[PDB]
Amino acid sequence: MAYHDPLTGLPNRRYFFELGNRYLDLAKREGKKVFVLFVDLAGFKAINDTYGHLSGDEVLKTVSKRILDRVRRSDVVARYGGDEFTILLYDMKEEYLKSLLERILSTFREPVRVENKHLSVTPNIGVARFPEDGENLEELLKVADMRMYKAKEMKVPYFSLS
């Protein structure tokens, strides 16, 4: 089996762990870097509370589709939680980290048409690197989760430092 979240169509949490650990095993064999991004969408709770779960869902579908479109089909974009997304970028380079983040930040920031309204979410991104930040997905996700929370705290759209 290999399940997808039906609303967003993105791989789910369980498939992300399985697929993710497979990408790290392959990158160890190939000598390639892997970056793990943790994306939190800020204005989400406000959407569902004001407009309802259905409006929040349309914000996710649209935001999910947009993000897929802007990263390689060979990369993994997963719905981790209710409004949390995890991204696995295979064969990534540290030099172009900042440039790839502005591509993903500009996508997530795009407003979404909901029942005539144009609603917007604000992203906060935590970045973890393989092999620098860990040996397995679990360790990279805890580090990317931690850094995503440092970014939200510094009111900066991303945090990637050791």
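Quick note: we count residues from 1 along the sequence shown, nothing fancier.
Trainee: Using the B-factors recorded in the PDB entry, average over the C-alpha atoms of 113 to 121 and of 56 to 64, then report which stretch comes out higher.
Mentor: Taking the mean B-factor of the alpha carbons in each, 113 to 121 is higher.
Trainee: I need to verify one thing: averaged over C-alpha atoms only, is the B-factor higher for 67 to 75 or for 83 to 91?
Mentor: Looking at the record's C-alpha B-factors, the answer is 67 to 75.
Trainee: Based on what the PDB entry reports, which of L10, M154, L19, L141 has the top C-alpha B-factor?
Mentor: Going by the entry's C-alpha B-factors, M154 comes out highest.
Trainee: Comparing recorded Cα B-factors across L26, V36, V39, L105, which one is largest?
Mentor: Out of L26, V36, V39, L105, the record gives the largest C-alpha B-factor to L105.
Trainee: If you rank every modelled residue in this chain by C-alpha B factor, which third holds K32: lowest, middle or highest?
Mentor: Tercile = middle for this residue's CA B-factor.
Trainee: In terms of the CA temperature factor given in the entry, to which third of its chain does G43 belong: lowest, middle or highest?
Mentor: Ranked within chain, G43 CA B lands in the highest tercile.
Trainee: If you rank every modelled residue in this chain by C-alpha B factor, which third holds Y51: lowest, middle or highest?
Mentor: For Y51, the deposited C-alpha B-factor lands in the middle third.
Trainee: Ranked by Cα temperature factor within the chain, is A128 in the lowest third, the middle third or the highest third?
Mentor: Its C-alpha B-factor, which the entry lists for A128, ranks in the lowest third among residues of this chain.
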